[PDB]
Amino acid sequence: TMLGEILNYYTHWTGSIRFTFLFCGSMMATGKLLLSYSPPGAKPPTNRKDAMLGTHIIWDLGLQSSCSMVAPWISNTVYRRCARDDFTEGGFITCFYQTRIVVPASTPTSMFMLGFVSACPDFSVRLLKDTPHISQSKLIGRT
Amino acid sequence: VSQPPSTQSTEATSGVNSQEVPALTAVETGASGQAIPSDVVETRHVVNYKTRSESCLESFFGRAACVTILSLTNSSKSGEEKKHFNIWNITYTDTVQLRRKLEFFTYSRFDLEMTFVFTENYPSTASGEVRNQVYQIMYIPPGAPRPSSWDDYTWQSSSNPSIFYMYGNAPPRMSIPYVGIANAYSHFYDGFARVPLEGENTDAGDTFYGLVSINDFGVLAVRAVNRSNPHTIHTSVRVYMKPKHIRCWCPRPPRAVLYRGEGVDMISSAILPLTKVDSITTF
Amino acid sequence: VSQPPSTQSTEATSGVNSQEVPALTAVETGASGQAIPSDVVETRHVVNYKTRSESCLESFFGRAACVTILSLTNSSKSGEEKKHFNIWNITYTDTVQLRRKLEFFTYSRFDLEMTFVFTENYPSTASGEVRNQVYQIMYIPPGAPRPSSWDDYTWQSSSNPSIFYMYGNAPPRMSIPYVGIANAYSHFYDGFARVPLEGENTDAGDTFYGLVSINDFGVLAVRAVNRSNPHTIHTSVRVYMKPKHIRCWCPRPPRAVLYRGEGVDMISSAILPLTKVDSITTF
Amino acid sequence: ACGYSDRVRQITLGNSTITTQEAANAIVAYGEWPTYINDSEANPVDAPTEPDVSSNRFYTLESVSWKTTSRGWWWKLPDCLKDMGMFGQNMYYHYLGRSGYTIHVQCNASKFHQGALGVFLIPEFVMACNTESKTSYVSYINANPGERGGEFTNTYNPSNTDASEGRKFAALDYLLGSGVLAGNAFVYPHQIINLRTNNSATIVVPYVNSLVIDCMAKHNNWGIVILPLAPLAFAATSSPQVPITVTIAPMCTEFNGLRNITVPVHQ
Amino acid sequence: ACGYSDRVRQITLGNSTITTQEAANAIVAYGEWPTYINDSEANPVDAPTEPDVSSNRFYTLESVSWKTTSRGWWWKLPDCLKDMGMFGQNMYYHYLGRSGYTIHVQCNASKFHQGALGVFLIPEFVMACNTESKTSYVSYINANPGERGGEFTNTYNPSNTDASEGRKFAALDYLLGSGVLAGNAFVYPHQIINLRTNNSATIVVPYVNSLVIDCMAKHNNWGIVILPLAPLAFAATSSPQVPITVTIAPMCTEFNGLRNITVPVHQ
Amino acid sequence: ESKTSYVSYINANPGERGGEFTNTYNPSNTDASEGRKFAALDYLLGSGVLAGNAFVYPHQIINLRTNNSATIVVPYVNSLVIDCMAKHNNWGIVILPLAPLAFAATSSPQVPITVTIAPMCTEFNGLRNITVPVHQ
Amino acid sequence: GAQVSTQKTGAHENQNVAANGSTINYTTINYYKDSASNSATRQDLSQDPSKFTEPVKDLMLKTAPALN
Amino acid sequence: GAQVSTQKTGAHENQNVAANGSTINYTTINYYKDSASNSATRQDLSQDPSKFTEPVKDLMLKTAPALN
Ligand SMILES: CCCCCCCCCCCCCC(=O)O
Ligand SMILES: CCCCCCCCCCCCCC(=O)O
Ligand SMILES: *C(=O)CCCCCCCCCCCCC
Ligand SMILES: *C(=O)CCCCCCCCCCCCC
Ligand SMILES: [Ca+2]
Ligand SMILES: [Ca+2]
């Protein structure tokens with residue numbers, strides 16, 4: 001993701017991440033989801049009764065299409081390593097149904113929602129490093 | 001004395017039960033999500049001192065990146081005269097690291113810092129004697145006559161800017177103004193070098209489309225100034241570019257797949273950036 | 001103009017016969033002994049000018065200590081390509097001198113001065129000809145792609161900081177900020193990189209325990225930029241670290257026994273620091 | 001205003017946030033909001049423990065299901081939370097506990113459904129036992145279901161013999177299992193989730209008791225009851241079903257009398 | 001206000017007027033509005049021609065159709081207007097042309113449809129050619145479709161042999177035919193027509209280039225792309241279809257270098 | 001001595017029981033279930049430093065003929081403000097008999113040593129489901 | 001013709017406040033006639049994320065209905 | 001932008017007093033934009049041995065009974 005691609009040019013990062021979702025079902029479909037960020041340290045939230053015990057928000061589908069759930073920068077170190085590392089654990093963002101999407105007569109019974117990620121104004125990244133995301137065949141020459 | 005701008009601090013907040021819902025929005029508008037900790041959970045007061053001091057374009061592009069590697073050979077053998085020099089076309093597409101970064105923006109404007117690193121070695125077992133090498137980098141702008149042989153009149157450089165390196169000394173380097181003939185450097189170009197009129201090929205254009213068809217910065221004619229010795233010697237010159245005093249406009253997504261040619265072009269061979277994940281519910 | 005603080009001077013004193021006994025105390029409190037000459041014997045007046053000016057942490061750590069020795073070989077023989085470069089893991093545990101000193105404190109915070117010394121020589125009787133060598137030290141932070149061969153795209157360093165040395169010139173050196181992602185550098189770490197939960201090995205952790213399991217500063221990818229010559233050449237690069245602008249917290253006893261690995265670990269082979277003394281009454 | 005709808009509303013406590021785009025205002029029980037014990041009203045003299053965020057947040061109970069047959073549901077505060085995260089721990093480690101809560105009942109359908117849930121918050125919700133052989137005959141285990149809570153029925157069949165069927169509430173819907181016509185259950189703080197109108201119910205409630213602080217492990221101050229005043233209905237099937245979720249959040253919680261933890265009888 | 005909805009909106013230019021009762025605001029590219037060349041920024045010294053109303057109006061392109069199979073569409077400014085009334089004439093009679101536009105993408109359905117179109121306005125929209133035998137191999141004819149514009153596909157099959165299939169863009173949807181994940185196409189001025197929310201998209205865009213004025217007949221500043229981020233869907237058939245119409249309106253247009261008219265190669 | 005920093009979480013975190021120091025060092029290079037534990041070598045703090053200098057740490061000495069208690073108040077210490085407790089133990093309490101217990105009567109005297117700890121200024125961030133580490 | 005400026009707070013440095021001592025001053029004297037030859041332009045931390053995160057015409061404020 | 005300071009009393013130098021002549025002054029001009037690049041921080045002879053030799057709560061004075 002744009003956020004990711006950028007973080008990947010640096011070594012450390014700090015800040016809060018903004019997860020915003022846009023439900024694209026039919027106007028006629030209702031429902032209440034539950035987005036959640038559980039900071040590291042315990043059994044990863046497999047069920048709702050566990051995700052609900054951490055940072056969460058009960059999103060009610062309605063006229064307001066989108067809904068954001070923020071991942072409050074909660075960390076032990078002040079900066080997290082960009083590369084994957086256990087010391088710099090991030091946490092678990094999951095989702096569940098608070099109730100269940102409900103549609104009526106003649107209404108598409110299955111649809112989707114788009115998930116976006118962005119950084120909050122308290123976000124900063126440091127230590128310029130090269131990015132792994134691109135490769136290049138050792139250049140020819142002429143010898 | 002002044003204080004660099006820090007990233008938003010966190011002001012302490014608490015509960016809520018209003019008709020004010022910072023959580024909900026409508027990204028259809030085209031506006032990104034805005035919420036922050038305070039809007040969603042109970043926060044504490046936090047004084048942030050940290051700064052995006054390193055994401056400043058000038059810092060982000062503040063490195064001498066290698067753009068190309070030229071080769072040339074000072075040999076005394078039959079067909080080793082054309083080898084006695086080399087002509088490189090000025091550009092950053094020869095590699096992919098710097099290119100990708102600049103490629104983050106549609107347009108850019110800057111001054112340039114050229115730095116050169118020479119590395120000579122012996123090819124075959126002709127591991128004999130050769131005096132110290134003195135190289136010459138001559139910048140030949142579009143329109144200027146180009147060298148025929150490693151030593152035709154062109155290397156006079158009465159007007160062309162030329163560096164003279166004495167192998168073993170500090171990596172020669174120099175600065176270049178923003179020379180673009182535009183108000184800015186164009187990184188992409190959805191157009192053709194000229195307009196194909198009514199009576200022409202039904203394919204006209206396929207030859208002159210793309211930024212590459214209009215951009216031109218001249219070439220670097222490198223060479224060793226010494227004459228040919230008994231034993232043949234091989235040198236490799238590496239060009240380094242650091243755009244400084246920069247500023248860019250219009251952000252675009254990063255190059256996600258391998259680069260083919262100088263244009264956008266992709267290769268069916270590698271166009272799967274991402275990676276299969278067990279399940280949508282696989283942490 | 002100012003006057004550096006001197007060590008306690010001795011004020012003249014004499015006899016005594018009071019109920020004031022500076023001699024006696026009770027170290028059980030946890031407080032060290034405090035008495036000084038004056039408290040015990042008759043002293044004369046002495047004006048002390050001397051200063052602990054050299055025990056200042058900045059002075060005590062003010063030296064470019066060698067931390068490691070890397071080797072690499074620019075050869076033209078079959079399996080001498082992987083030898084054409086080397087990757088060193090950034091740390092001070094490779095040696096013991098500097099390590100022990102820093103190891104005097106639990107935490108520390110400082111800027112770093114890197115200094116490099118190159119020394120090339122001929123291995124076998126391949127004592128022939130080879131042009132001058134140009135090396136490259138590339139700092140590859142955690143997460144950045146690492147070199148596959150002594151010359152794959154990675155050595156572009158469009159973002160990674162790289163030095164280019166021209167053997168024979170002054171020992172390249174450079175400075176590094178306090179980069180720790182903590183508020184200070186942690187010298188020890190009584191913890192595990194992550195928390196092993198209920199359903200796991202009854203041994204989980206044995207792999208990720210110790211400061212070493214959480215610390216990571218990236219690596220130094222060194223190499224010679226020249227191509228392979230007839231005769232093989234061997235180079236040894238020595239890394240020197242001098243922590244400057246320093247400050248440390250929580251003093252701990254010095255490492256008394258030989259070092260095993262990067263952790264505290266001892267070896268039954270050598271764990272007798274002290275030395276037998278004839279008798280408790282042997283001067 | 002910038003269109004500050006009476007329907008849209010957000011609520012936040014601890015690290016939890018509810019939202020709802022179709023609510024019908026919110027009510028504050030008896031007009032009073034949760035408060036702490038004031039030095040002039042105090043009783044226990046030990047310094048109280050006030051969990052704040054660690055326990056004063058939004059805990060979500062296992063949803064139930066609304067069927068054309070559904071007769072009603074019930075729960076008990078603090079009971080139906082005794083197992084909810086940190087709140088519980090504090091609740092059980094202390095002899096005395098005090099708290100108020102924000103009740104948020106959710107239940108979305110579609111503009112083509114019918115139905116109306118009466119969400120009532122009744123203080124001191126005592127129900128009759130199911131056995132005319134004894135009186136006030138209810139086991140602790142049965143009285144305190146927890147996250148599950150009970151359900152109402154529309155029939156009364158006491159087990160004067162089987163003493164294991166007597167030791168439980170006689171959840172008679174048309175009488176609140178109390179011996180009072182449910183038709184007047186509105187003299188209690190309440191809201192009505194009428195599907196064609198709203199999909200949420202928010203009722204903030206303050207501690208209520210003849211004492212300042214009490215012993216939670218023995219007493220349930222409030223009782224949450226939901227009765228379908230209007231039967232669920234859908235044009236399609238004759239067996240429609242919609243989920244009803246209950247999310248509770250304690251507030252201004254404080255405890256006195258700390259000791260070893262309390263672990264009640266269980267099965 | 002008197003109920004000035006963020007949804008309802010009218011737009012007028014020349015003798016043309018758009019209206020929409022369900023839009024989601026409107027966005028102004030990079031926050032700047034169309035302007036003219038200021039005496040301090042000018043380049044061509046001849047007195048410019050500023051058409052105003054005659055050309056700065058709402059031209060409507062032939063609608064396209066959204067199918068469950070539809071992969072996306074694209075167009076190019078000023079290209080996709082080179083034939084639009086008076087604007088075109090001026091565009092072609094002049095060497096240099098400058099302009100900004102107001103893009104209005106329309107697409108109504110019904111409260112029972114699903115779908116979401118990502119309308120992006122990308123500056124310098126260069127796509128890869130369909131032939132791995134050559135590079136930047138695209139014919140003028142193919143690069144400049146006009147009112148018709150192109151379409152995106154979800155497959156990449158270069159014709160290294162057939163040189164008449166190479167001379168055209170490789171409109172690979174999941175990569176914008178540029179070699180960049182469409183998932184990040186949002187770093188461009190954009191709006192999303194999510195059927196359950198809106199039915200219009202309005203994006204005002206200012207001239208963008210490394211120059212003040214350029215030669216339109218050679219260069220397309222902007223590129224309009226529409227990708228179904230959410231597939232069209234209707235409860236009824238499994239082959240639903242809805243029209244998508246694109247109405248563009250140039251603004252602050254000025255041209256320099258007048259001569260005989262330009263007539264490019266065609267078939 | 002077959003591995004380095006080889007200690008299991010289970011063994012590193014005994015709890016109320018804590019460990020004990022010994023005066024011998026016998027590594028189990030083979031038996032990998034005896035390696036995964038601390039080598040509590042008393043005369044070296046099991047750290048490789050003479051215990052004789054363990055006094056450069058906050059401390060007190062319970063000398064029976066003088067006192068019978070030891071009170072040491074300690075502040076949070078770390079290279080960070082707050083950390084993750086379930087992974088890291090900031091402090092370590094160690095008690096070594098600098099003077100051997102002794103009683104005129106038996107040649108096997110015994111006296112109880114009790115340890116009472118009290119946390120202060122405790123604060124936590126990042127609330128979620130409860131953590132339950134590996135156990136036996 | 002030299003111009004002194006503030007350094008970038010280092011390790012054991014001024015509390016982030018960068019307002020402690022002249023020991024954080026670095027001197028600069030341009031030596032060439034052409035600006036292009038100068039060091040990196042001074043760090044500029046200004047920014048307007050909005051031209052990208054909110055280039056919407058009518059402005060909407062968090063607490064309000066994005067779609068009124 | 002240069003900052004002059006006192007040198008470290010040498011061989012045939014000012015009576016330890018370090019207060020004799022400007023012949024004991026050294027000049028310093030930081031050349032880099034990053035503090036990290038600077039020389040060793042100025043000698044600081046401050047010290048509080050007590051946080052280690054006497055971190056006792058109730059303070060005791062030499063002349064008194066350590067255990068009262
Ligand atoms: C003696 C050395 C002369 C070197 C002349 C180089 C000319 C600079 C052209 C600008 C190249 C980078 C701009 C770009 O492609 O974005
Ligand atoms: C071009 C050379 C780059 C060298 C980068 C070195 C990174 C510094 C990490 C700090 C290492 C010492 C800190 C410590 O281990 O206590
Ligand atoms: C302003 O420049 C006054 C301070 C001058 C100090 C001398 C600096 C050294 C000379 C600068 C380069 C001159 C090159 C001809
Ligand atoms: C304060 O700095 C005024 C004194 C300047 C004397 C000139 C010192 C020599 C130049 C310093 C380095 C400048 C690097 C651009
Ligand atoms: Ca701030
Ligand atoms: Ca003195």
# chains A, B, ... in the order shown; residues from 1 in each chain; ligands from 1
$ residues_around --residues "residue 25 (chain H)" --least-positions-apart "5" --cutoff "12 Å" --atoms "only C-alpha atoms" --output "JSON, numbers by chain"
{"C": [1, 2], "H": [3, 4, 5, 6, 7, 8, 9, 18, 19, 20]}
$ write_last_selection --atoms "C-alpha atoms" --output "short mmCIF file (atom, residue, chain, number, x, y, z; two decimals), in the first residue's frame"
data_model
loop_
_atom_site.label_atom_id
_atom_site.label_comp_id
_atom_site.auth_asym_id
_atom_site.auth_seq_id
_atom_site.Cartn_x
_atom_site.Cartn_y
_atom_site.Cartn_z
CA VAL C 1 37.76 31.54 31.59
CA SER C 2 36.78 28.94 34.22
CA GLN H 3 33.51 29.57 19.79
CA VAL H 4 36.69 30.00 21.80
CA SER H 5 37.35 28.01 24.97
CA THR H 6 39.98 27.20 27.61
CA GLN H 7 42.56 24.49 26.89
CA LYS H 8 43.70 21.77 29.22
CA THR H 9 46.57 23.08 31.32
CA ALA H 18 43.97 27.89 34.15
CA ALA H 19 43.51 31.63 34.46
CA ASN H 20 46.66 32.96 32.82
#
$ residues_near_ligand --ligand "ligand 2" --cutoff "6 Å" --atoms "only C-alpha atoms and all ligand atoms" --output "VMD selection string"
chain C and resid 91 to 92 138 to 139 161 to 163 185 217
$ write_last_selection --atoms "N, CA, C and O atoms" --output "short mmCIF file (atom, residue, chain, number, x, y, z; two decimals), in the first residue's frame"
data_model
loop_
_atom_site.label_atom_id
_atom_site.label_comp_id
_atom_site.auth_asym_id
_atom_site.auth_seq_id
_atom_site.Cartn_x
_atom_site.Cartn_y
_atom_site.Cartn_z
N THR C 91 27.99 -4.76 15.49
CA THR C 91 27.99 -5.02 16.93
C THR C 91 29.39 -4.86 17.47
O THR C 91 30.36 -4.79 16.72
N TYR C 92 29.50 -4.82 18.79
CA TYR C 92 30.78 -4.65 19.44
C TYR C 92 31.21 -5.90 20.19
O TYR C 92 32.21 -5.89 20.91
N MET C 138 28.98 -0.62 2.40
CA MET C 138 27.59 -0.23 2.31
C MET C 138 26.84 -0.65 3.56
O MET C 138 26.87 -1.81 3.96
N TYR C 139 26.17 0.31 4.19
CA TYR C 139 25.41 0.04 5.40
C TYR C 139 24.02 -0.41 5.00
O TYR C 139 23.27 0.35 4.39
N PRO C 161 23.63 4.33 3.00
CA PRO C 161 24.85 5.13 3.09
C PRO C 161 26.07 4.28 2.76
O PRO C 161 26.30 3.26 3.41
N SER C 162 26.86 4.69 1.77
CA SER C 162 28.04 3.92 1.39
C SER C 162 29.31 4.75 1.28
O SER C 162 29.27 5.88 0.79
N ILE C 163 30.42 4.18 1.72
CA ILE C 163 31.72 4.85 1.64
C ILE C 163 32.47 4.22 0.47
O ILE C 163 32.24 3.06 0.13
N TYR C 185 20.45 3.06 24.67
CA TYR C 185 20.93 1.77 24.18
C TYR C 185 20.87 0.83 25.38
O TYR C 185 21.29 1.19 26.50
N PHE C 217 21.09 -3.84 14.36
CA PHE C 217 21.53 -2.58 13.76
C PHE C 217 21.83 -2.69 12.28
O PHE C 217 22.32 -1.74 11.68
#
$ residues_near_ligand --ligand "ligand 4" --cutoff "12 Å" --atoms "only C-alpha atoms and all ligand atoms" --output "PyMOL selection string"
(chain G and resi 1-6+22-23+25-32+37-40) or (chain H and resi 1-4+27-33)
$ atom_distance --atom1 "CA of residue 77 (chain D)" --atom2 "CA of residue 224 (chain D)"
7.7 Å
$ interface_residues --of "chain H" --to "chain C" --cutoff "9 Å" --atoms "only C-alpha atoms" --output "number ranges by chain"
H: 5-6, 16-19, 34-46, 50, 52-56, 61-67
$ closest_atom_pairs --of "chain A" --to "chain D" --cutoff "7 Å" --atoms "only C-alpha atoms" --output "JSON lines"
{"residue": "A:28", "atom": "CA", "partner": "D:110", "partner_atom": "CA", "distance": 6.9}
{"residue": "A:29", "atom": "CA", "partner": "D:110", "partner_atom": "CA", "distance": 6.8}
{"residue": "A:30", "atom": "CA", "partner": "D:108", "partner_atom": "CA", "distance": 6.3}
{"residue": "A:31", "atom": "CA", "partner": "D:108", "partner_atom": "CA", "distance": 6.0}
{"residue": "A:52", "atom": "CA", "partner": "D:59", "partner_atom": "CA", "distance": 6.6}
{"residue": "A:53", "atom": "CA", "partner": "D:85", "partner_atom": "CA", "distance": 6.5}
{"residue": "A:54", "atom": "CA", "partner": "D:15", "partner_atom": "CA", "distance": 6.9}
{"residue": "A:55", "atom": "CA", "partner": "D:15", "partner_atom": "CA", "distance": 4.7}
{"residue": "A:56", "atom": "CA", "partner": "D:16", "partner_atom": "CA", "distance": 5.1}
{"residue": "A:57", "atom": "CA", "partner": "D:17", "partner_atom": "CA", "distance": 4.4}
{"residue": "A:58", "atom": "CA", "partner": "D:18", "partner_atom": "CA", "distance": 4.8}
{"residue": "A:59", "atom": "CA", "partner": "D:19", "partner_atom": "CA", "distance": 5.8}
{"residue": "A:60", "atom": "CA", "partner": "D:20", "partner_atom": "CA", "distance": 5.2}
{"residue": "A:62", "atom": "CA", "partner": "D:21", "partner_atom": "CA", "distance": 5.7}
{"residue": "A:98", "atom": "CA", "partner": "D:245", "partner_atom": "CA", "distance": 6.7}
{"residue": "A:99", "atom": "CA", "partner": "D:243", "partner_atom": "CA", "distance": 5.3}
{"residue": "A:100", "atom": "CA", "partner": "D:243", "partner_atom": "CA", "distance": 6.9}
{"residue": "A:102", "atom": "CA", "partner": "D:109", "partner_atom": "CA", "distance": 5.7}
{"residue": "A:103", "atom": "CA", "partner": "D:110", "partner_atom": "CA", "distance": 6.1}
{"residue": "A:104", "atom": "CA", "partner": "D:110", "partner_atom": "CA", "distance": 6.0}
$ write_last_selection --atoms "N, CA, C and O atoms" --output "mmCIF file, in the first residue's frame"
data_model
loop_
_atom_site.group_PDB
_atom_site.id
_atom_site.type_symbol
_atom_site.label_atom_id
_atom_site.label_comp_id
_atom_site.auth_asym_id
_atom_site.auth_seq_id
_atom_site.Cartn_x
_atom_site.Cartn_y
_atom_site.Cartn_z
ATOM 1 N N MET A 28 -30.034 -0.866 0.307
ATOM 2 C CA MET A 28 -30.998 -1.611 1.101
ATOM 3 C C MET A 28 -30.474 -2.571 2.170
ATOM 4 O O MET A 28 -31.239 -3.029 3.019
ATOM 5 N N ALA A 29 -29.180 -2.868 2.139
ATOM 6 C CA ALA A 29 -28.586 -3.789 3.105
ATOM 7 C C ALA A 29 -28.140 -3.117 4.402
ATOM 8 O O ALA A 29 -27.425 -2.118 4.366
ATOM 9 N N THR A 30 -28.541 -3.673 5.544
ATOM 10 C CA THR A 30 -28.148 -3.113 6.838
ATOM 11 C C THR A 30 -27.090 -3.999 7.486
ATOM 12 O O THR A 30 -26.618 -4.952 6.876
ATOM 13 N N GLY A 31 -26.712 -3.688 8.719
ATOM 14 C CA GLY A 31 -25.714 -4.506 9.382
ATOM 15 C C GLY A 31 -24.767 -3.740 10.280
ATOM 16 O O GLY A 31 -24.529 -2.551 10.072
ATOM 17 N N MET A 52 -13.305 -8.028 21.108
ATOM 18 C CA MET A 52 -14.089 -7.025 21.802
ATOM 19 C C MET A 52 -13.409 -6.554 23.097
ATOM 20 O O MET A 52 -13.696 -5.465 23.587
ATOM 21 N N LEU A 53 -12.491 -7.354 23.634
ATOM 22 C CA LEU A 53 -11.790 -6.988 24.869
ATOM 23 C C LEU A 53 -10.638 -6.004 24.681
ATOM 24 O O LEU A 53 -9.974 -5.626 25.651
ATOM 25 N N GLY A 54 -10.395 -5.606 23.437
ATOM 26 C CA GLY A 54 -9.330 -4.659 23.148
ATOM 27 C C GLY A 54 -9.881 -3.396 22.503
ATOM 28 O O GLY A 54 -11.076 -3.101 22.618
ATOM 29 N N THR A 55 -9.024 -2.641 21.827
ATOM 30 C CA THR A 55 -9.476 -1.419 21.169
ATOM 31 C C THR A 55 -10.395 -1.789 20.009
ATOM 32 O O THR A 55 -9.993 -2.512 19.099
ATOM 33 N N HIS A 56 -11.631 -1.302 20.047
ATOM 34 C CA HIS A 56 -12.581 -1.603 18.989
ATOM 35 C C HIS A 56 -13.645 -0.537 18.775
ATOM 36 O O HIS A 56 -13.793 0.398 19.565
ATOM 37 N N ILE A 57 -14.389 -0.693 17.689
ATOM 38 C CA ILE A 57 -15.457 0.234 17.347
ATOM 39 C C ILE A 57 -16.556 -0.529 16.621
ATOM 40 O O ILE A 57 -16.287 -1.279 15.684
ATOM 41 N N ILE A 58 -17.791 -0.344 17.065
ATOM 42 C CA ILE A 58 -18.919 -1.015 16.449
ATOM 43 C C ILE A 58 -19.464 -0.123 15.350
ATOM 44 O O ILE A 58 -20.176 0.844 15.609
ATOM 45 N N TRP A 59 -19.104 -0.459 14.119
ATOM 46 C CA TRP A 59 -19.523 0.291 12.946
ATOM 47 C C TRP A 59 -20.914 -0.085 12.483
ATOM 48 O O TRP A 59 -21.192 -1.245 12.203
ATOM 49 N N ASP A 60 -21.790 0.904 12.393
ATOM 50 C CA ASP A 60 -23.148 0.653 11.941
ATOM 51 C C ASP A 60 -23.285 1.113 10.498
ATOM 52 O O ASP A 60 -23.153 2.299 10.204
ATOM 53 N N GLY A 62 -24.731 2.537 7.328
ATOM 54 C CA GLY A 62 -25.821 3.478 7.167
ATOM 55 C C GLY A 62 -25.484 4.491 6.103
ATOM 56 O O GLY A 62 -24.578 4.257 5.295
ATOM 57 N N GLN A 98 -21.374 -7.736 14.331
ATOM 58 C CA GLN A 98 -21.946 -7.402 15.630
ATOM 59 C C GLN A 98 -23.298 -8.106 15.644
ATOM 60 O O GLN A 98 -23.727 -8.654 16.659
ATOM 61 N N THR A 99 -23.949 -8.082 14.485
ATOM 62 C CA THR A 99 -25.239 -8.726 14.259
ATOM 63 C C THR A 99 -25.040 -9.556 12.982
ATOM 64 O O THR A 99 -24.480 -10.649 13.040
ATOM 65 N N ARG A 100 -25.478 -9.045 11.837
ATOM 66 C CA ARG A 100 -25.282 -9.739 10.560
ATOM 67 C C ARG A 100 -25.861 -8.878 9.457
ATOM 68 O O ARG A 100 -26.939 -8.315 9.614
ATOM 69 N N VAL A 102 -28.071 -7.646 6.825
ATOM 70 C CA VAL A 102 -29.429 -8.100 6.535
ATOM 71 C C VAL A 102 -29.966 -7.400 5.297
ATOM 72 O O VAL A 102 -29.939 -6.172 5.208
ATOM 73 N N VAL A 103 -30.447 -8.175 4.332
ATOM 74 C CA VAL A 103 -31.001 -7.582 3.124
ATOM 75 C C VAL A 103 -32.431 -8.039 3.001
ATOM 76 O O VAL A 103 -32.851 -8.979 3.674
ATOM 77 N N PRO A 104 -33.209 -7.366 2.155
ATOM 78 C CA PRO A 104 -34.595 -7.790 2.020
ATOM 79 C C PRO A 104 -34.877 -8.457 0.684
ATOM 80 O O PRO A 104 -33.982 -8.971 -0.007
#
$ atom_distance --atom1 "CA of residue 20 (chain F)" --atom2 "CA of residue 115 (chain F)"
14.0 Å
$ closest_residue --among "B:235, B:8, B:43, B:17" --to "chain F" --atoms "only C-alpha atoms"
B:43
$ interface_residues --of "chain F" --to "chain H" --cutoff "10 Å" --atoms "only C-alpha atoms" --output "PyMOL selection string"
chain F and resi 55-60+66-67+71-73
$ residues_around --residues "residue 127 (chain B)" --least-positions-apart "4" --cutoff "8 Å" --atoms "only C-alpha atoms" --output "number ranges by chain"
B: 122-123, 231; C: 128-130, 229-230
$ write_last_selection --atoms "N, CA and C atoms" --output "CSV table (one decimal), in the first residue's frame"
chain,number,residue,atom,x,y,z
B,122,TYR,N,43.1,-6.0,-14.7
B,122,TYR,CA,43.7,-6.7,-15.8
B,122,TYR,C,42.8,-7.8,-16.3
B,123,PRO,N,42.5,-7.8,-17.6
B,123,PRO,CA,41.6,-8.8,-18.3
B,123,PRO,C,42.2,-10.3,-18.3
B,231,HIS,N,50.6,-4.5,-22.5
B,231,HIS,CA,49.5,-5.2,-21.8
B,231,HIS,C,48.2,-4.4,-21.9
C,128,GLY,N,51.8,-11.5,-8.5
C,128,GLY,CA,51.9,-10.8,-9.7
C,128,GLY,C,51.4,-9.4,-9.7
C,129,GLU,N,50.8,-9.0,-10.8
C,129,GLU,CA,50.3,-7.6,-10.9
C,129,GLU,C,48.8,-7.5,-10.7
C,130,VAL,N,48.4,-6.4,-10.1
C,130,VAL,CA,47.1,-6.0,-9.8
C,130,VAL,C,47.0,-4.5,-9.6
C,229,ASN,N,41.3,-9.9,-11.2
C,229,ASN,CA,42.5,-9.9,-12.0
C,229,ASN,C,43.1,-11.2,-12.2
C,230,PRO,N,44.3,-11.3,-12.9
C,230,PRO,CA,44.9,-12.6,-13.0
C,230,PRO,C,45.2,-13.2,-11.6
$ select_by_dssp --residues "region 50-260 of chain D" --states "strand (DSSP E or B)" --output "ChimeraX atom specification"
/D:59-60,64-67,73-76,94-106,113-123,129,150-151,153,169,172,190-194,200-205,214,222-234,241-258
$ select_by_dssp --residues "region 65-219 of chain D" --states "alpha helix (DSSP H)" --output "list in words"
residues 85, 86, 87, 88, 89, 90, 91, 92, 93, 140, 141, 142, 143, 163, 164, 165 and 166 of chain D
